[PDB]
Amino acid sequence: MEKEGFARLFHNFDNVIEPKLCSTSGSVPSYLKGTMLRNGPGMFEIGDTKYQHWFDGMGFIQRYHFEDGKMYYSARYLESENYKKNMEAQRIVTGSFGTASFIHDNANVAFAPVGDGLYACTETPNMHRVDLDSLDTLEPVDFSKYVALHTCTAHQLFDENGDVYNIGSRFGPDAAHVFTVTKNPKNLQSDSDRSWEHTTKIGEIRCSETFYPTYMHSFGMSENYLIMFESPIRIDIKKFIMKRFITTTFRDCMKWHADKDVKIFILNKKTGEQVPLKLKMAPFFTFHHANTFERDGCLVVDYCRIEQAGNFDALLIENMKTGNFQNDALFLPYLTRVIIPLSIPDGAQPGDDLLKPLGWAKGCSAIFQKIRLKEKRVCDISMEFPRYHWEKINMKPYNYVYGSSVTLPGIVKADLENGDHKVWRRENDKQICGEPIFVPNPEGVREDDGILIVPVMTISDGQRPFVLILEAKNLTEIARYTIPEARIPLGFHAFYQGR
C-alpha cells in the first residue's frame, strides 16, 4: 500500500467487527442520536482476479453510530450470494457492472427504507436487508417477484407516508420503463413491518428505441409526478443478450449516442398516465437528481448535470488510481434546474417561451416548436452527491442543496433562492469529502435549521479519515470524529436513521 494517492483506497478493506470509539473534538447538539450506514465498494481484487471499474467492488458497509456525544465506527462486507460465491472460489466468479466473470446481488450502492427495515440495493432487483447495529446481512428480497423488470434504480424515493417509488427497465420487444410503488407495510396488514409485498406497477412508458433503452441512475418525484430523462447513454440490448458468448460487460454494452437529444418522460403518480407532451433538451447525463416539485403548472427538476460521460471510462479503477484523470472538465457536474410546462396553452405559437410570464423561472425557457426545454445552472461551484432537508421540503419548493466537491472546495451548499452559496473548504488536498447528510433540528423552523454529517476520506497515511459535523446555516465545523483506522472507502451513498 502506497503512502500517498488514490491507489490507497483501492486496496481491499478489512472487516472492523467491534465498534471503535472515535476521537471527539467540538460538540454536537442533543438531536444527533442515530446511526448512519454508508455503502460502497471495498474489495477490488479476489485471488488472481481484479475488478475493472469503481462500481464493481464487493459491497462494504460502514456504520457510524452517534450516541452520548460520541461516534463509533465498524464495517463489514455484505454477505451477498455473489460475495459468498466469490469468496469460496477465491476469484471473481460472478459478473458486475464493468467486469466479466472469470444472480447479480452485489448491493453496494445505497439503502432503501421499507417499513422498519433497511435494504442494501444496487441497480438490480436483488436486495438484502441489513441490520443497523450488527451489520448482519439478513433476508434477500427479489423486487422482480412483484413487477417484471430486468434493472431498476438504487435511488428509490419515498414520501411522508413511507411509500417507496422506483423506476425499472423491462427489456424485450416490449421494452419499457416501469414505474412502481411499494406501500408502507406498517400502515397495512402485512407479513411484517418491513415487507415489500404491497408493490404494484403504477404504469409504464415505452423506450423510444426498443434495442437502445436509456441507462438510468436516478429520477425525480414531485407530489403528483415521477420524471426521468431518456439520456443519450443507451444500453445496446442486442449486444448485451450475447454477453456470455462474447465475454463482455453491462458497461461495455453502453455508449453515449452523440447525435440524440434527451427526451423527458413524466408519469402521473396517481393516475398512472403519461403526461402527453413531447419534451426535448440538449444532450447531458445526470447521476443524481436533487429535489423535484410542482409550481404554476410546471414541474421543476433539479439535478447534477454532466456534459459528457461516455460509458464511464473515467471511473475505471486504473484511471482513478492515478487521480490525475480528474482534469476531465466535461465530466465535472453542476447543479442544474429545468422547468417543464405540464400543458401547452391554446394559441401558443412556434417560438413562444411558455415560461416567460413566470418571473421565478427566469433563466429557464420552454420553447413551443413539441417543447424544447432550456435548463439553467443554479450553482457555479461543481458538486455531486446532492442531498436536501427531506423532512421539510421533499416534493416542495425549497432553497438549499448540499453536495460534495469532486480553492479546495469540500462541501457546497447551493442557495437556489438568492445564489448566496456556502462552502466548507478542505484543509489540504489529501482530503476528499463524501456525501453530506442533513439532520434536522427537531425544534427548527427554517429549511437549514440543522447539521450535516460528512464522511471525509483521506489519501495519505499521515491523516486518519474522520466524520465532520457542520452546522448547515454557514457550513462551519462544530464537531469532528476522527476514526482509528487508516482508511474509509471511496464510497457511494449513506442513510441516516435517527433513533
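A residue's number is simply how far along the shown sequence it sits, counting from 1.
- The entry models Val406 and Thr407 with a gap of 4 to 9 deposited residues left without coordinates.
- Per the record, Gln369 and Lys370 are separated by a gap of 1 to 3 residues from the deposited sequence that were not modelled.
- Averaged over their C-alpha atoms, the temperature factors of 152-160 and 179-187 are higher for 179-187.
- Mean CA temperature factor is higher for 349-357 when stretches 229-237 and 349-357 are set side by side in the entry.
- Of the residues listed, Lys392, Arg194, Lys255, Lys263, the entry assigns the biggest Cα temperature factor to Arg194.
- Of the candidates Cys304, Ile246, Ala112, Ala75, the deposited coordinates give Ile246 the top C-alpha B factor.
- Among all modelled residues in this chain, the alpha-carbon of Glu294 has a temperature factor (C-alpha) in the middle third.
- Among all modelled residues in this chain, the alpha-carbon of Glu435 has a temperature factor (C-alpha) in the lowest third.
- Ranked within its chain, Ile205 lands in the middle third, by CA B factor from the PDB record.
- In this PDB entry, the Cα temperature factor of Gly57 sits in the bottom third of its chain's modelled residues, the lowest group.
- Sorting the modelled residues of the chain by their CA temperature factor places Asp259 in the middle third.
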